[PDB]
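Just one chain follows, in the form deposited in one PDB entry, and it is written as structure tokens.
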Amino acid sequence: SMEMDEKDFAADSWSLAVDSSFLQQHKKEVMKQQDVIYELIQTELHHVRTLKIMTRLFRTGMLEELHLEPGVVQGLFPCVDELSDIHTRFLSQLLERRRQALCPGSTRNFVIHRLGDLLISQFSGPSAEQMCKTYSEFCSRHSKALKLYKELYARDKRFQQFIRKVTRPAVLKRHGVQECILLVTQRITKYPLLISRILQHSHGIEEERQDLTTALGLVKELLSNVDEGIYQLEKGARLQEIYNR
């Protein structure tokens, strides 16, 4: 993550991120809504950061330092550029909504009143079709990526040294290859609980409550569609095993 965004999201909550004199100006219900929106954006920033570790540190490092067989790096990190494109764009939109809302003269004091529309746009039309297509492909390749990783770590000396070298720093503690893959698979099923809790504290403006109710339904539809399009690919699985599924 870039320093500007890391510092903007360093606090444990929105109530601790904003100045105390600004916090005092809002009703309890607004602070509750704002803390949950802040958690959605902060976790999105961390998810984008996980995708940058996978593309820049892992994938690109293996291409530039290792002599693996063709199709191996792609097998390890399926759809990583498409996932990074979907979420970097979604993160840009969330950060721009926060930026426009800042008080003049402040880089930390803001209130986001209109998240629903942004969430409807992300989880509908072409962007939803691309999310559905990408996660259906990624989650169906999850087991194959893990098995390919385990095999390479156990049998390839230079691959093992590469992994131990780039995952040694403490800031990578939670972000080994397999941990990154599961963090990404689990991301999409975090959206309904974040959105429902934001909706819980967004009854003040009827149009906002309606837009978040629509967004929640679109997210659940996306998850149901992705879940229905999954079948784990297996390296070595014969056609007979597949058509007798």
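One rule holds for the numbers: they count along the sequence shown, beginning at 1.
One more form of this protein exists, namely the form solved in complex with a small molecule; it is left out here, but the text below deals with it.
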Exercise. Can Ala145 be called a contact residue for the small molecule in the deposited complex at 4.5 Å between heavy atoms?
Worked result: no
Exercise. So, in the deposited complex, is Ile86 in contact with the small molecule at a 4.5 angstroms heavy atom limit?
Worked result: yes
Problem set entry | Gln130, heavy atom within 4.5 angstroms of the small molecule in the deposited complex | yes
Exercise. Would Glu82 count as touching the small molecule in the deposited complex under a 4.5 Å heavy atom rule?
Worked result: yes
